[PDB]
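Novice: Take a look at the following structure, please.
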Amino acid sequence: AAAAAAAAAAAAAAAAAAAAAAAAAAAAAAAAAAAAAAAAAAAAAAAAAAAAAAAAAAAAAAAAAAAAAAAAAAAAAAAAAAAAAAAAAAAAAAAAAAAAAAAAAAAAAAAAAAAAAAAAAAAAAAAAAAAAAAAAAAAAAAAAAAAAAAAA
């Protein structure tokens with residue numbers, strides 16, 4: 001077994017009607033790739049930042065990273081410059097109510113925040129294709145990146 005997953009004390013909901021989600025892997029290519037030995041740890045977390053890093057139109061852009069330590073592959077969310085941009089790591093993991101549904105939170109400007117959840121599931125020595133998604137309470141930056149991550 002490898003490392004962390006859904007964690008601790010938060011706030012919840014159970015429903016369908018919601019915002020959309022700007023979504024990363026649109027059609028039939030999802031990221032487990034096993035040769036470089038990282039699947040939903042590194043790039044998934046990483047590139048997700050970019051969306052936020054795009055989210056606020058770049059002003060304070062200095063990128064801090066944070067969090068892993070080198071024994072296998074992981075990295076972390078650390079904020080943009082001088083924003084509230086502190087991004088993925090959160091205590092609150094606002095979790096959809098009925099049980100197995102838990103979506104962690106990529107936080108936002110000095111504000112409320114968005115959330116990013118695995119669409120299928122798989123874990124450590126792991127199985128499914130994962131394709132990732134980020135729930136949508138946020139805005140868009142300048143249409144370009146909105147068109148690389150695919151909306152929905």
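As shown in the structure tokens, the chain order sets the letters A, B, ...; within each chain, residues go from 1, and ligands are also counted from 1 in the order they appear.
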Run DSSP on the backbone and grab whatever in chain A lands in strand (DSSP E); send it over as an MDAnalysis selection string.
Specialist: chainID A and resid 12:13 21:23 95:96 104:106 114:118 132:135
Novice: Write a file of the just-selected residues containing N, CA and C atoms, as a PDB file, in the first residue's frame.
Specialist:
```pdb
ATOM      1  N   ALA A  12     -20.645  18.703   3.986  1.00  0.00           N
ATOM      2  CA  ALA A  12     -21.104  17.695   3.045  1.00  0.00           C
ATOM      3  C   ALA A  12     -22.284  18.198   2.227  1.00  0.00           C
ATOM      4  N   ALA A  13     -22.726  17.348   1.305  1.00  0.00           N
ATOM      5  CA  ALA A  13     -24.034  17.435   0.673  1.00  0.00           C
ATOM      6  C   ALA A  13     -24.317  16.080   0.030  1.00  0.00           C
ATOM      7  N   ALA A  21     -18.631  20.766 -14.054  1.00  0.00           N
ATOM      8  CA  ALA A  21     -17.224  20.693 -13.717  1.00  0.00           C
ATOM      9  C   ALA A  21     -16.339  20.839 -14.935  1.00  0.00           C
ATOM     10  N   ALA A  22     -15.461  21.834 -14.906  1.00  0.00           N
ATOM     11  CA  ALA A  22     -14.351  21.846 -15.843  1.00  0.00           C
ATOM     12  C   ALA A  22     -13.635  20.528 -15.602  1.00  0.00           C
ATOM     13  N   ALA A  23     -13.426  19.780 -16.678  1.00  0.00           N
ATOM     14  CA  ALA A  23     -12.908  18.429 -16.529  1.00  0.00           C
ATOM     15  C   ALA A  23     -11.672  18.105 -17.346  1.00  0.00           C
ATOM     16  N   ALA A  95     -17.473  16.466   1.452  1.00  0.00           N
ATOM     17  CA  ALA A  95     -17.698  15.108   0.973  1.00  0.00           C
ATOM     18  C   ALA A  95     -19.158  14.890   0.630  1.00  0.00           C
ATOM     19  N   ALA A  96     -19.415  14.414  -0.576  1.00  0.00           N
ATOM     20  CA  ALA A  96     -20.783  14.144  -0.956  1.00  0.00           C
ATOM     21  C   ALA A  96     -21.289  13.137   0.069  1.00  0.00           C
ATOM     22  N   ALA A 104     -12.104  16.127  -2.393  1.00  0.00           N
ATOM     23  CA  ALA A 104     -11.252  17.081  -1.701  1.00  0.00           C
ATOM     24  C   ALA A 104     -11.370  18.457  -2.348  1.00  0.00           C
ATOM     25  N   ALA A 105     -10.729  19.451  -1.755  1.00  0.00           N
ATOM     26  CA  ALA A 105     -11.018  20.842  -2.076  1.00  0.00           C
ATOM     27  C   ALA A 105      -9.767  21.561  -2.543  1.00  0.00           C
ATOM     28  N   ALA A 106      -9.782  22.027  -3.788  1.00  0.00           N
ATOM     29  CA  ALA A 106      -8.788  23.005  -4.195  1.00  0.00           C
ATOM     30  C   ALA A 106      -9.326  24.405  -3.927  1.00  0.00           C
ATOM     31  N   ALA A 114     -13.264  25.530  -4.742  1.00  0.00           N
ATOM     32  CA  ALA A 114     -13.693  24.484  -5.650  1.00  0.00           C
ATOM     33  C   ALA A 114     -13.233  23.117  -5.148  1.00  0.00           C
ATOM     34  N   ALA A 115     -13.591  22.056  -5.867  1.00  0.00           N
ATOM     35  CA  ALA A 115     -13.328  20.698  -5.409  1.00  0.00           C
ATOM     36  C   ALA A 115     -12.971  19.801  -6.583  1.00  0.00           C
ATOM     37  N   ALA A 116     -12.114  18.816  -6.336  1.00  0.00           N
ATOM     38  CA  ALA A 116     -11.546  17.992  -7.395  1.00  0.00           C
ATOM     39  C   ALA A 116     -11.568  16.537  -6.989  1.00  0.00           C
ATOM     40  N   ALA A 117     -12.275  15.707  -7.754  1.00  0.00           N
ATOM     41  CA  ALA A 117     -12.551  14.329  -7.358  1.00  0.00           C
ATOM     42  C   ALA A 117     -12.258  13.341  -8.472  1.00  0.00           C
ATOM     43  N   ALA A 118     -11.735  12.179  -8.099  1.00  0.00           N
ATOM     44  CA  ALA A 118     -11.556  11.099  -9.052  1.00  0.00           C
ATOM     45  C   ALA A 118     -12.909  10.654  -9.589  1.00  0.00           C
ATOM     46  N   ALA A 132      -9.764  12.345 -14.035  1.00  0.00           N
ATOM     47  CA  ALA A 132     -10.000  13.328 -12.980  1.00  0.00           C
ATOM     48  C   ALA A 132     -11.011  14.405 -13.308  1.00  0.00           C
ATOM     49  N   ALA A 133     -11.539  15.104 -12.306  1.00  0.00           N
ATOM     50  CA  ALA A 133     -12.433  16.232 -12.558  1.00  0.00           C
ATOM     51  C   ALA A 133     -12.441  17.210 -11.388  1.00  0.00           C
ATOM     52  N   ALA A 134     -12.757  18.477 -11.665  1.00  0.00           N
ATOM     53  CA  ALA A 134     -12.800  19.517 -10.639  1.00  0.00           C
ATOM     54  C   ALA A 134     -14.164  20.204 -10.642  1.00  0.00           C
ATOM     55  N   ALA A 135     -14.898  20.107  -9.532  1.00  0.00           N
ATOM     56  CA  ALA A 135     -16.208  20.743  -9.445  1.00  0.00           C
ATOM     57  C   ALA A 135     -16.059  22.251  -9.568  1.00  0.00           C
TER      58      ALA A 135
END
```
Novice: Compile the contact shell of residue 49 (chain A) as number ranges by chain: residues with an atom at most 8 Å away, counting only C-alpha atoms, same-chain residues fewer than 6 positions apart removed.
Specialist: A: 77, 87-88
Novice: Taking into account only C-alpha atoms, which residue in the set A:125, A:136, A:57, A:99 is nearest to residue 40 (chain A)?
Specialist: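 Between A:125, A:136, A:57, A:99, the residue approaching residue 40 (chain A) most closely is A:125.
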Novice: Looking at A:58, A:100, A:38, A:16, which one is nearest to residue 72 (chain A), with distances taken over only C-alpha atoms?
Specialist: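 Looking only at the distances to residue 72 (chain A), the closest residue turns out to be A:38.
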Novice: Within 10 Å of residue 56 (chain A), counting only C-alpha atoms, which residues qualify if same-chain residues fewer than 6 places away don't, as JSON, numbers by chain?
Specialist: {"A": [80, 83, 85, 108, 109, 138, 139, 140, 141, 142]}
Novice: For C-alpha atoms, I'd like the residues from the last selection saved as a PDB file, in the first residue's frame.
Specialist:
```
ATOM      1  CA  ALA A  80       0.155  30.882  -6.389  1.00  0.00           C
ATOM      2  CA  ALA A  83      -3.190  34.828  -3.211  1.00  0.00           C
ATOM      3  CA  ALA A  85      -4.379  30.276  -3.901  1.00  0.00           C
ATOM      4  CA  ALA A 108      -9.598  29.720  -4.060  1.00  0.00           C
ATOM      5  CA  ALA A 109      -9.119  33.452  -3.700  1.00  0.00           C
ATOM      6  CA  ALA A 138     -14.740  29.195  -9.850  1.00  0.00           C
ATOM      7  CA  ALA A 139     -14.418  31.187 -13.052  1.00  0.00           C
ATOM      8  CA  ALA A 140     -12.504  31.048 -16.339  1.00  0.00           C
ATOM      9  CA  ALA A 141      -9.343  32.967 -17.137  1.00  0.00           C
ATOM     10  CA  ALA A 142      -8.958  33.643 -20.867  1.00  0.00           C
TER      11      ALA A 142
END
```
Novice: Residues near residue 24 (chain A), anyone? I mean within 12 Å using only C-alpha atoms, not counting same-chain ones fewer than 4 positions away, as number ranges by chain.
Specialist: A: 28-31, 43-51, 116-119, 130-135, 145-152
Novice: Pull the helix (DSSP H, G or I) assignments for region 5-59 of chain A out of DSSP run on the backbone, and list those residues as a PyMOL selection string.
Specialist: chain A and resi 43-55
